[PDB]
Amino acid sequence: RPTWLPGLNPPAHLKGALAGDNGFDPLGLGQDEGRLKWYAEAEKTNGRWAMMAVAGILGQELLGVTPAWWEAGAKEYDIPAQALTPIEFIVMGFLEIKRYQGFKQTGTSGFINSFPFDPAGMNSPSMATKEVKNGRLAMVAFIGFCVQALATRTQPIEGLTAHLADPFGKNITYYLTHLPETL
Amino acid sequence: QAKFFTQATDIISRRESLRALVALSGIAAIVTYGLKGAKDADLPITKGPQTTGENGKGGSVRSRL
Amino acid sequence: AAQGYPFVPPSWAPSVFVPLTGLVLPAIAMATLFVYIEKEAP
Amino acid sequence: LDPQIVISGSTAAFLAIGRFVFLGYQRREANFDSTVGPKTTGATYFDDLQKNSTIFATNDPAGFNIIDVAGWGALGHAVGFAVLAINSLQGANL
Amino acid sequence: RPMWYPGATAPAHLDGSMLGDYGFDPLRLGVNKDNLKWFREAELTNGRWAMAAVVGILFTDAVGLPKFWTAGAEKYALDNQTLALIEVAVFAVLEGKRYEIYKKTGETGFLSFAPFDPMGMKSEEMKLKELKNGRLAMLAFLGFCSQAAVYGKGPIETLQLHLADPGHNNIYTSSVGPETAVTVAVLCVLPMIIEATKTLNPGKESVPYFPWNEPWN
Amino acid sequence: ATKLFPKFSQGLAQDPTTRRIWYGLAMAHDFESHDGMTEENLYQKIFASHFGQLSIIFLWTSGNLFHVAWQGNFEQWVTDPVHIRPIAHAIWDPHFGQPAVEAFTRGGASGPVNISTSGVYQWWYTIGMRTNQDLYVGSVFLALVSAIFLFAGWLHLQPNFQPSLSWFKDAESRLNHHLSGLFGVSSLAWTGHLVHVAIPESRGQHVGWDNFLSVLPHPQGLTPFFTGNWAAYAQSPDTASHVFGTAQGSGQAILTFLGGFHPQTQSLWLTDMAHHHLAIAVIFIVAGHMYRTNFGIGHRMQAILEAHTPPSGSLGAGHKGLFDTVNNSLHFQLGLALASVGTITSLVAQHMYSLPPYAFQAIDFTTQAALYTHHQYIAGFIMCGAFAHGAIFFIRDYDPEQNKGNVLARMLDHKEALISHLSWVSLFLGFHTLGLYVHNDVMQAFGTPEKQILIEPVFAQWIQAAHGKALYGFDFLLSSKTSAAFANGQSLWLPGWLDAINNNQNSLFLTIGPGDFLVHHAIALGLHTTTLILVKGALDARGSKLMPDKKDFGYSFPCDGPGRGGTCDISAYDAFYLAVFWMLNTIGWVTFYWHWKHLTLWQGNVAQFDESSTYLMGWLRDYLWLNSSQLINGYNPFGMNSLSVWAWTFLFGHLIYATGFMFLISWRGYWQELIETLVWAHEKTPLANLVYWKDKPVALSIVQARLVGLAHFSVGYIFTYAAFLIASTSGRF
Ligand code: CLA
Ligand code: CLA
Ligand code: CLA
Ligand SMILES: CCCCCCCCCCCCCCCCCC(=O)OC[C@H](CO[C@@H]1O[C@H](CO)[C@H](O)[C@H](O)[C@H]1O)OC(=O)CCCCCCCCCCCCCCCCC
Ligand SMILES: CC1=C(/C=C/C(C)=C/C=C/C(C)=C/C=C/C=C(C)/C=C/C=C(C)/C=C/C2=C(C)CCCC2(C)C)C(C)(C)CCC1
Ligand code: SF4
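Protein chains in written order, with the working numbering: chain E, 1 to 183; chain P, 1001 to 1065; chain B, 2001 to 2042; chain U, 3001 to 3094; chain F, 4001 to 4217; chain X, 5001 to 5733.
This is how it looks when you write it as structure tokens:
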């Protein structure tokens, strides 16, 4: 298999039976057979949430929303945040309690009661690799979003256009310095 | 009299039920003591100092607040 | 709860919890731990 | 003062003495394996957290893997930032 | 059978033999079986009185009558003390016969009608419906008193207030907002802690170290 | 029949007497003496217990924060922190009279309250807190942290998370992580907090969670860092005109190297605190990349130990076999931990008073006294436990054949020399210190104060003058203006250090005389004698000539009978026991010396100490008798004041101490026969023989009543001195 390092043999606990196996476990956390079963679903869930997260950020800024994505919590909606938090907790607790009970049995993902969800016929191991890989991409890209706007900085696509305006003057080396000019 | 006092103790003639009555009545008595009873007894801790207190006399040398 | 930082205890909280912790919870605890220590293994 | 020049010189010098000078000594000292053998003989997941689950294999003809470069470059960056700090206050004591 | 949270495993004493058994006893108050019988009768009695009380507060606040937390201070045909006296005097015999009917049958009864069933509609389905509506009515009465304590309005004026602005007139925008918000959050995340307890100890029931529980067994 | 309470011991659960209850209360945490305990189960139960201790600690801090935020005056104290008293919590005592409510209404409160002496006000004000809301939030956060640790303790007891034994015995990665992350990254985050929050809050600028991503710690953010121009971070320090908490003479620097004290708080600067924790972070992170882990580089500690055998075997086999000795012994690691922790707690005490870190400290005198006495007594107890667990190691965990010829066996081979030389040092120091004190006493008695043996501590004075105290005129290193050590650091810490050490109004290197000489030698006496008792118990833990099979009896056994002349208090447990007395005396001397030196400094009367501390009637009269005047008049037949609680506590400790004398002098056998008589009396008394015991009344055992007398003694000692300290310092100031 193509590994994360050239010439590197993949470890013994990472056989190429799972989805996104590139032999990347330099720490050795996937050496328990049950903790790896949890970490797989944790990867998929963090990645799905980060997928819809970067989708939501890029879609919020592609459309004409008022604030930035980081300023979106401090905003006046129809329902106050002190009232939105518990409703969110009730709904998402329903969804995630039903999701766990459904990972206990049948050991795979799902929405509420259909495990797996898959209304359409698009389940394939190739599609599993797609999901996990675009999800890892989404997680790292969301962390990039967060730290790319770590102060009152540019929004993602705005920062993309700013990097494309001057590649050798608008980069990590410019914004790690000149930080007063940003704030 | 024996019938009266055998019937008056029927609901508590067990260990757990008498402990339940004790817990209920005592929690209630002490809670209502804190709420109204210590005030009805006019305890000084309920009335407050009714003065300035020992505020400005922090020490004989340095009269702190 | 209270204005400002919420989760400020009431004015009557000491008057309740000091008697509780001091008369009630020690009663429950000493009773439970008495029935435990005098309990016989079957 | 050109911090890039100082830090690059420091890192390259330390990597050069780590690859060409202090590699054979580090390979001799890092391998005790006489009485100090394995840490662990167990099979539980907590026993595998001490095993070399991943052996970082390099194509360097001397065995300068990612950990050797990481450590020697960490020492290099450290001494380079030290040189930059000592010069940042434009003076030295003795 | 359904449970109090989805996928819940019931305690070893709540094995579904009784009605309304959603496996809810996180404090294990029903480990003793006679205690559980007494608690079932108490559940149904608190619930009967709260059903009557909820419908009574509704009928009172529906028309121009004094508010239910101030209705006691009105002037009536009898003095307060003789009212309480006759109340205690008649409830002596009423609750005595009810306690005797519990000791004899295990269920409620009026005075001598062990099963107060003029119209013989008693069933397990009707028992479950009584229990469910009684739990619902206990919650409803608690809510009446609670959102009459935060506001100075009874059930339906507060309901109309919530209907006026659902997002801004709710419990999380009142004085008890923050504590109910955090309480709801903890109650939503609690069942997963409980499910971890069930998962990492597969099949093994745990004793929560409570005085009523006799946890040394 | 057989009982149920000692689930961990079936021998106790079959005891028909009251000894079962006590010994089950006192064997609960000796997990290795449990029934059915394995080594892995031991380590796992200890892991969970450490989680529980963490949860308890964090709940304790949350409660302090909560009560200061709720019943305290922190928002009021930050306005005028030299004249407003710190409130610990409020008092709801239904036993109070009206005068007591009128009297404990202090610090600007609406009711009875307790004046905090714990210094949490100064600490929280220094680190950036100005609001009651900040402390409320911190309490919530630390309670959540305690919940997390409690859940983790339950979690790592579960089958699929129960760690293996080798994971506990893995020392290289635990050390690497606890050195880098737990020590250096924690210092890095504390430097981040200082720089982002504490310094700007000291500069008047409020920096909270809501704006710390929107404001900068420095006018040139991170450009100086990534370009190596690190001196730009020491650009504009806080001036000597600076007032804490506002922006008058503020400054812009965040990492300075000023040294000394802030002139308005008489405390350390937050900027060199930040630089401190930054340097500490870097050093601890570089130190944490030392030992071998799963990545092929590092050290194996067994190799370092086994390679450290000197030629000539002047140490025997060197440290060969010590890795398995420390790794496989929890009492050895516990003793090393307690040694280090007690020593650094002594460091905390000795440094927090001279180099006071927290603002408006050094001006809250009672806070300083409580903190010092506190951490010193904590250190003494911890250091006694260190040797106690070293003894328990020698008994329960020591293998003489696996330590064949190493340093640890070389200790036991020449134990008589160690014990006899420690005895000689203790004996000489006691003879001579008591002799000089009694001599000066007699000279004061005979009206001739000029004949005292007043020996000038010129060694410590020479050290102080080497630090730059020009009071003595050695002109040696830092007091020598024409030296190298002076000329090199002059652009650095020195100006502030010399301005702070030549000032005689702070506790930084107080001037010392012959009273300091005599009491430092008393301190040496106490240390050497305490460690004599402890070392003797540890080394003779395994055997003596009176009892060479002592290891076969355990750590804490009563005696070996009246035979062979008498074997009372022969265990190592009893050696620790007898050393706790000498420890309490040592720390009492230490804290007496501290408290009197500082009571005379704060009152401007250092001459009283320089004159009276050279003889022991000075210590009795002018310290114990003089400063008790307001304490014991806390309540009189005319009325009471706020010091009445400390008077009552004073007498309380005097009662408890003396009650321990009852368990310490009278021994079991008078009391067992007394209880036999009382058993007869209960069995033969009508209307009362109806009531019968389930546990047979027996007297407290020998070891048990030793512990009980020591506990009554220590509690009374501690409470008496705490009351005296807080009352004699709060009464004046
Ligand atoms: C019988 C159940 C019941 C119902 C239908 C309602 C309904 C309502 N309550 Mg009441 N309430 C209840 C129980 C109930 N509550 C209880 C038990 C309490 C004590 C904690 C309260 C305390 C309370 C306060 C203090 C306030 C309300 C408010 C409200 C309104 C807005 C919802 C809200 O913010 O509160 C959410 C309510 C809770 C978190 C309490 C728990 C409710 C449980 C989970 C039952 C939920 C409904 C149930 C699933 C189905 C109902 C049956 C049927 C009618 C459909 C709404 C009219 C607010 C209002 O009207 O202000 C204008 C308000 O300020 N309620
Ligand atoms: C990190 C610290 C640490 C740890 C983990 C341990 C752990 C242990 N120690 Mg070590 N020890 C320590 C510190 C520590 N100790 C210190 C600091 C000292 C010196 C004081 C000692 C001295 C010591 C001895 C001498 C012995 C142990 C023993 C033990 C073991 C069992 C303890 C026991 O019997 O529990 C139960 C303990 C108790 C119930 C304690 C009795 C009650 C104490 C004295 C408090 C009384 C205060 C009172 C309530 C205050 C009231 C105030 C009120 C009036 C106002 C266990 C391995 C024993 C052992 O291993 O046996 C071989 C043993 O013999 N330890
Ligand atoms: C005031 C009380 C007091 C005093 C003076 C001592 C004195 C001593 N203890 Mg301590 N001890 C005490 C209380 C005291 N103890 C208590 C309460 C306990 C708890 C049980 C212990 C537990 C304890 C242990 C466990 C150990 C000691 C040890 C010692 C000796 C330490 C060496 C030393 O300083 O020599 C100096 C000696 C003195 C200052 C006392 C002699 C006084 C003068 C100088 C003698 C001559 C006076 C005069 C000329 C003679 C008149 C007699 C006659 C003609 C009328 C020393 C004899 C250690 C020891 O024996 O090691 C050597 C040791 O191991 N003691
Ligand atoms: C198993 C079933 C058991 C059922 C037992 C019977 C319950 C009977 C409840 C009381 C019903 C009386 C109502 C009579 C018609 C009134 C119509 C009307 O206009 O009302 C009008 C009245 C108000 O009218 C007011 O009357 C007052 C009387 O002094 C004043 O004079 C006021 O001026 C006047 O306005 O409304 C009511 O009183 C309804 C209250 C009903 C509930 C009262 C409390 C009872 C709660 C406990 C019940 C205990 C049950 C056991 C005891 C009985 C055992 C046999
Ligand atoms: C019994 C025992 C035990 C215990 C023991 C102990 C407890 C001990 C202790 C000990 C201790 C407690 C010690 C201490 C030490 C100290 C030291 C060693 C110090 C040092 C110092 C120094 C070295 C200094 C230096 C300097 C100076 C002088 C100043 C300035 C700076 C400098 C740095 C220069 C155990 C368990 C192990 C086991 C075995 C046996
Ligand atoms: S402890 Fe008591 S019984 Fe034992 S030898 Fe000493 S005096 Fe005798």
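All C-beta atoms in this analysis are idealised placements derived from N, C-alpha and C, irrespective of residue type, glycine included.
Partner residues on chain F for residue i, Cβ-Cβ distance less than 7 Å
i	result
X:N5160	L4200
Of the listed residues the options, nearest to residue i (C-alpha basis)
i	options	result
X:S5062	X:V5120, X:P5016, X:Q5376	X:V5120
X:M5129	X:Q5076, X:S5173, X:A5090	X:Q5076
X:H5177	X:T5271, X:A5281, X:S5479	X:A5281
X:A5541	X:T5433, X:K5469, X:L5412	X:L5412
X:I5254	X:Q5266, X:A5232, X:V5243	X:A5232
F:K4097	F:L4111, F:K4103, F:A4089	F:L4111
X:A5460	X:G5513, X:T5659, X:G5731, X:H5389	X:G5513
residue 5736 of chain X	X:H5299, X:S5202, X:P5310, X:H5276	A question about residue 5736 of chain X goes unanswered here, because the residues of chain X that appear run from 5001 up to 5733.
F:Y4005	F:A4148, F:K4153, F:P4026	F:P4026
Residue i at chain E interface by Cβ criterion, 7 Å
i	result
F:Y4172	yes
U:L3049	yes
X:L5213	yes
Three-way DSSP call (helix, strand, coil) for residue i in this model
i	result
F:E4107	coil
E:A50	helix
X:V5113	strand
X:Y5635	strand
B:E2040	strand
P:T1052	coil
residue 4956 of chain X	Beyond the ends of chain X as shown, which are 5001 and 5733, falls residue 4956 of chain X; an answer cannot be given.
Beta carbon proximity, residue i to chain F, threshold 7 Å
i	result
residue 5734 of chain X	The structure shown does not extend to residue 5734 of chain X, since chain X is modelled only from 5001 to 5733, so the question has no answer here.
B:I2037	no
Under 8 Å by beta carbon: chain X residues contacting residue i
i	result
B:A2041	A5001, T5002, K5003, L5004, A5013
Contact with chain U by residue i, beta-carbon distance below 7 Å
i	result
E:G7	yes
Under 8 Å from the C-beta of residue i: neighbouring residues of chain F
i	result
B:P2006	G4177, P4178, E4179
B:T2021	None at all; the shortest Cβ gap to chain F is about 16 Å.
Partner residues on chain P for residue i, Cβ-Cβ distance less than 9 Å
i	result
X:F5733	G1058, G1059, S1060, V1061, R1062, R1064
Chain B contact for residue i (CB, 7 Å cutoff)
i	result
P:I1030	yes
F:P4211	yes
P:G1048	no
Chain X within 7 Å of residue i, Cβ atoms only
i	result
U:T3011	no
U:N3059	no
Residue i: contacting residues in chain E (beta-carbon distance under 9 Å)
i	result
F:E4195	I97, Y100, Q101, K104
Proximal residues of chain U, C-beta to C-beta of residue i below 9 Å
i	result
X:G5296	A3030, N3052, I3055, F3056, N3065, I3067, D3068
Within chain B, partners of residue i - CB distance below 9 Å
i	result
P:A1038	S2015, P2019
Short CB-CB distance (under 7 Å) between residue i and chain P
i	result
X:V5101	yes
X:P5457	no
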